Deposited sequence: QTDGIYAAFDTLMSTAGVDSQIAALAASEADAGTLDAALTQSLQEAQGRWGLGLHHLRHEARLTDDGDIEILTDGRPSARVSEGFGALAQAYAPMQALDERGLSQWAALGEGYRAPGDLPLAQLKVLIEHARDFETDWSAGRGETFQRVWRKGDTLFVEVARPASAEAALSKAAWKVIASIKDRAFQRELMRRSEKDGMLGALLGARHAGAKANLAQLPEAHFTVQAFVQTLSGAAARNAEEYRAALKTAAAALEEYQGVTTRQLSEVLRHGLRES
């Protein structure tokens, strides 16, 4: 179950407990496995902060027993090629500004409401518009928020962009601070002075998916009448911010564990 386990780690870098290997162990058929893979990939895309909401992300089993990742049904990458390869495949499809926020609109071509829109106007849009989308707006705790509705589903995205290097540095900091051996810790803190906690931990990388994917956002979804309710929108925004916090903490602790 090598490819299944690799997909499991790829999902775990986004805080997704896909359990794909366990599902394959239960003699699940190709369709059920593909549906689970696609659901996990969509969940992880909602958290990676790549800004590809305009594309349909799917994952399927191939004839040779591999897992293929596709965008809009177009073959994008395969797991056997490595996680860095899949990041390289995703890169040209992205468009990021200096803040790490996606410049693409989730609804594609069409009007986009300004990010500095007053809350009363946003309430009007929520209650009475058909489809709408807002640009990135500043939020609490150095985060950014936006919202868009497609059909009968309202998506609220809260993002704090973060490079993989920063998360690796934070995890290495925590790991170095948590070392029980005094002399070993003093040596690592000494090497850190010269090569960062990066070369401190490594001296004591691309294969690990955490070097390419880290949690940067979270998308919460409302459906039905809840999609047209301001109370539900605010509740979803709060839950999305809390989920971003929780999943970033989970991923940083997981990275610390894997570096230990």
* Structure fact -> Check: deposited residues absent from the model (no CA) fall at 1-2, 207-214, 271-276
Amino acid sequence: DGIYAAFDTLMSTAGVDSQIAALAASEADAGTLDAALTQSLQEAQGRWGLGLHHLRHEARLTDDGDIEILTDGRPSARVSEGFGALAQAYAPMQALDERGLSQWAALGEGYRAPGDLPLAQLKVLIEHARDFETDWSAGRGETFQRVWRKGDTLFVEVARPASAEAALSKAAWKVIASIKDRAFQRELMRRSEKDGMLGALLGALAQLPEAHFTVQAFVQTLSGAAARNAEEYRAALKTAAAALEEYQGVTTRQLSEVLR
From here on, numbers count along this sequence of modelled residues.
* Asked: Of the other PDB entries compared that resolve residues on either side of residue 207, does at least a third omit it?
  -> yes
* **Unmodelled residue 184 in at least one third of other entries with both flanks present** => yes
* Would you determine, from the values in the PDB entry, which of 205-213 and 66-74 has the greater average C-alpha temperature factor? => 205-213
* To do: Output the stretch having the higher mean C-alpha B factor in the entry; the candidates are 162-170 and 145-153.
  => 162-170
* In terms of CA temperature factor as recorded, identify the highest of 131, 81, 181, 135. => 181
* Asked: When you compare the CA B-factors of 31, 224, 46, 199 as listed in the entry, which one comes out on top?
  -> 199
* By the record's CA B-factor, is residue 99 among the lowest, middle or highest third of residues in the chain? -> middle
* Structure fact -> residue 250: C-alpha B-factor third of its chain, per the entry, is the highest
* Asked: Taking the C-alpha B-factors as the PDB entry records them, is residue 39 in the lowest, middle or highest third of its chain?
  -> middle
* **B-factor third for the C-alpha atom of residue 176 within its chain** => highest
* Structure fact -> Quick tally, chain-level thirds of C-alpha B-factors: residue 220 sits in the lowest
